[PDB]
Amino acid sequence: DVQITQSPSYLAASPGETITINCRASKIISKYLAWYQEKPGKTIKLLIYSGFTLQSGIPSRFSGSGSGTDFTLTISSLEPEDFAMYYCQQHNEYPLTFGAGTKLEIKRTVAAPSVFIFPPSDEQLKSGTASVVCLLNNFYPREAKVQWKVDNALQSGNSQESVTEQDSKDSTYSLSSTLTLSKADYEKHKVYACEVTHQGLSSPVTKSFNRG
Amino acid sequence: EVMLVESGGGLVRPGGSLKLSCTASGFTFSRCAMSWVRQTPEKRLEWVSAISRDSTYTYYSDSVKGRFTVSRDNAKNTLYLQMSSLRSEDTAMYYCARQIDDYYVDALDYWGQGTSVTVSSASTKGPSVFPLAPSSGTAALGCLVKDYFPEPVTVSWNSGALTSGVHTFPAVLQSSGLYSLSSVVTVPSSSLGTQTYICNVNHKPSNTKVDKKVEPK
Amino acid sequence: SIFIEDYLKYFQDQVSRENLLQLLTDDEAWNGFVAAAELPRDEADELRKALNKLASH
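Method information in the entry identifies X-ray crystallography as the source of the structure, with 2.15 Å recorded as the resolution.

Right, dumping it as C-alpha cells:
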C-alpha cells in the first residue's frame, strides 16, 4: 500500500488569494496523482489526474504540479465556490489510496465564544442518567479547548464533543460538549465546571454550578 | 449525461450480509473498468474493490479481501458488491465510480450519489428529549435528543418559525451504540416569558414525533 | 528495480525480436501483458522504455 500524507488538514483563506495543498507519497508514483473536490450535497468531482492534466470543464485556476514523490494542488485567485473539501489520490497501483483531506475554510476576524453551562434536567435524572452540557457559541477560529472538572478532579473518557460547520452568514463556529455520568455518581459530587480556552478570550473562562 | 445510481444500502448486524448494486447510463458500460469507494463517518475516503471491463480481473483492499465479492452484468448495465462477515468498521457511504481508460488502474472521473450502510448490534429506538433550560442580555436554551437509533433525527423550533440563532449539532455515537444530539437557540433575554420555545424532534425510523416546551427554572 | 532487470533478462534470453516487436507495436497485447503481470503504471512506463531501447539494438 502506498501511504499518502496530505497537508494542511485545515486552511483558512479569503476570496482572491492563492493557496497550495501538499501531498507526499511513501514511494515513487511518477506523475500518477489525482485531486478531488467534495462539497456538501453534490457528488465528488475529479479536478486533475496524472499530476497535472486538468479534467474537462474545470477552471484554469486549479493547477497541479510535481512528480515522483511530492505534489502540490494550487488554486489561484480563490472564488467563493472553491471553499470545499479536497482529496489527493494515487492511481499508480491497486489498492488506490487517498490522502486524509484538506478543508478549505473562509477566513474572518477573531471572535471569542459566549460560554453557557446547562445542569442535567430533573426529567433526565428520574431516568437513571446525568448529562451536563457546555455550549461555546459563535467563535472563530475553530481551535478551542474545553476541560470538565468535578470537585476540581479533571474528567477524561466520559465527555464527547460536537462542532458545527462554519456558519453561512457570519463564518463562525459553535461547539457542544456533553459530560455523561451515572445518576449515582452525579449525586456523589457537588461542583460541576467547564473551563474554556480560545484565542479570542484574554484568559480561560470557567462556567460552573452546584448540584442543587 | 453520465448517470451512476447505487442502491441496496441499509442496516445490518455484525456478521451479516448485504448486496449493493449500481445501474449506469449515458455511456457504454461494457467499455469501462469500475471501482467501489467508501466514505467513513470520520470523513476518510477508502477504496474497496474494482472490476475490469469484462469481469476478467477483480481487485479488493486488504480489509475487505475474502468477505466482499465484486461482479457486473453488462447486459443489464449493473455493477454489484456482495458483502459478508460485516464489521462495525464497514459503516460508511458506498460509491460506484467509473475509471479513466488510459491504464487498467486509473483516476475516477465519475461518481454516483452514494448508498448508506450501517453495521450495528443496536435496535431501532426513539429518542428521549430533555430541555436545556436558560438563566445561568442574550440567553441560550435548547434540548438534548438522547439515545436513538438509527440516524437521522430532525429538529425544528416553533414548527420552523424560528430559524435565526439555531445551532443543531452533528450527532455523536455513544459507547452504548446509540446516537446523541443537541439543538440550541440564542434569544433576547427580554423574550424569555413573553414567548414560548418548543423543539419539534422527529425520528422517522421509530415513527417518533415529540414536541418539548423549553422554559426557565 | 530488480523486477525490471528480471523482465529484461527474461526478454533477452527467452523472447524473439519478432515476438518482442509484435508486443511493442500492438497496444492490445501490451495492455493484456501489464494487467496480467499487475504492474504499477510507473514500472510499466520504465519497462516499455527499456524494452524499446533493447528492441532497437
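Draft legend 1. Region of interest: the state of the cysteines. Tallied over the full model, the rule gives four disulfides over all chains. Two residues share a disulfide in this structure: A:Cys134 and A:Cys194, whose sulfurs sit 2.1 Å from each other. Taking the torsion about the sulfur-sulfur bond, which here is approximately 70 degrees, the covalent link between A:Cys134 and A:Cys194 counts as right-handed. Here the residue A:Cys134 occupies a position in strand 13 (residues 129–139), and A:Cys194 occupies one in strand 18 (residues 191–198), the gap between them amounting to 60 residues. The pair A:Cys134 / A:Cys194 is uniform in exposure class, with both members buried. Paired by a disulfide, B:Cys143 and B:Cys199 hold their sulfur atoms 2.1 Å apart. With a gap of 56 residues between them, B:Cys143 in strand 13 (residues 138–148) and B:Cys199 in strand 18 (residues 197–203) connect regions that are remote in the sequence. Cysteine pairing in chain B follows 1-2, 3-4, where each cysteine in a disulfide is numbered by its order in the sequence.

Draft legend 2. Spatial organisation of the packing of helix 2 (residues 17–25) of chain C against helix 4 (residues 41–56) of chain C. Residue and element names in this part refer to chain C. Two elements in contact, helix 2 and helix 4, have axes whose closest approach is 11 Å; the angle formed by their N-to-C orientations is 140 degrees. Classified by the interaxial angle, the pair formed by helix 2 and helix 4 is oblique. Considering only the axes of helix 2 and helix 4, their crossing is left-handed. Listed contacts from helix 4 to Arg17, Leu20, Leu21 and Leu24 of helix 2 are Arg48, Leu51, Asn52, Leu54 and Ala55. Classifying every residue of the contact of helix 2 with helix 4 gives six nonpolar, one polar and two charged.

Draft legend 3. Just the interface of chain A and chain B, in detail. Listed by partner, the interface residues are 47 residues for chain A and 47 residues for chain B. Between chain A and chain B the total buried area reaches about 3800 Å² when both faces are included, carbon and sulfur atoms providing 61% of it. When the buried surface of chain A facing chain B is broken down by residue, A:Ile44, A:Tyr94 and A:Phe118 rank first, second and third, together holding 18% of it. Taken together, the connections running from chain A to chain B amount to one salt bridge. Across the pair B:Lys212 and A:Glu123 runs a salt bridge, and its minimum N-O distance is 3.4 Å.

Draft legend 4. Molecular detail of the sheet that holds strand 18 of chain A. All names here are of chain A. The four strands lie next to each other as 15-14-18-19, forming an open sheet whose pairing is antiparallel. Each of the sheet's edge strands pairs with one partner strand only, and the pair in question is strand 15 (153–154) and strand 19 (205–210). Relative to strand 15, strand 14 (residues 144–150) is paired through two bridges, and the arrangement is antiparallel. What sits directly across from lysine 149, in strand 15, is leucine 154.

Draft legend 5. Inspection of the environment of A:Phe62 at higher detail. All names here are of chain A. You can see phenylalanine 62 is positioned in strand 7 (residues 62–67). For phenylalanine 62, a relative accessible area of 4% gives the class buried. Taking the C-alpha atoms as reference points, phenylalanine 62 and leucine 78, 16 residues apart in sequence, are found 9.5 Å from one another. Ignoring sequence-local partners within four residues, the contact set of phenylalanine 62 consists of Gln37, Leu47, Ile48, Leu54, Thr74, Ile75, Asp82 and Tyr86.

Draft legend 6. Main features of the packing of helix 1 (residues 2–14) of chain C against helix 4 of chain C. Residue and element names in this part refer to chain C. Relative orientation of the contacting elements helix 1 and helix 4 amounts to 35 degrees, with a least axis distance of 10 Å. At the point where helix 1 passes helix 4, the crossing takes the right-handed sense. Residue-level inspection shows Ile4, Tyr7, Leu8, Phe11 and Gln12 of helix 1 in contact with helix 4, the latter providing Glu43, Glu46, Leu47, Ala50, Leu51 and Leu54. The residue inventory of the contact of helix 1 with helix 4, partitioned by class, reads eight nonpolar, one polar and two charged.

Criteria and thresholds
- Residues numbered from 1 in each chain as written, not as in the entry; some residues may be left out.
- Chains lettered and ligands numbered in written order.
- Heavy atoms only, no water.
- Residues with missing side-chain atoms left out of burial classes, pairs and counts.
- Disulfide = S-S within 2.5 Å.
- Helix = DSSP H or I, 4+ residues; strand = E, 2+ residues; numbered from the N terminus.
- Buried < 20%, exposed > 50% of the residue type's maximum accessible area, 1.4 Å probe, protein only.
- Axes fitted to C-alpha atoms, helices over the stretch in contact; angles between N-to-C directions.
- Parallel < 35°, antiparallel > 145°, perpendicular 65-115°, else oblique.
- Left-handed = near helix turned anticlockwise from the far one by under 90°.
- Contact = heavy atoms within 4.5 Å.
- Nonpolar A, V, L, I, M, F, W, Y, C, P; charged D, E, K, R; others polar.
- Buried area = accessible area lost by both parts, 1.4 Å probe.
- Salt bridge = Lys/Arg side-chain N within 4 Å of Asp/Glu carboxyl O.
- Pairing = 2+ DSSP bridges.

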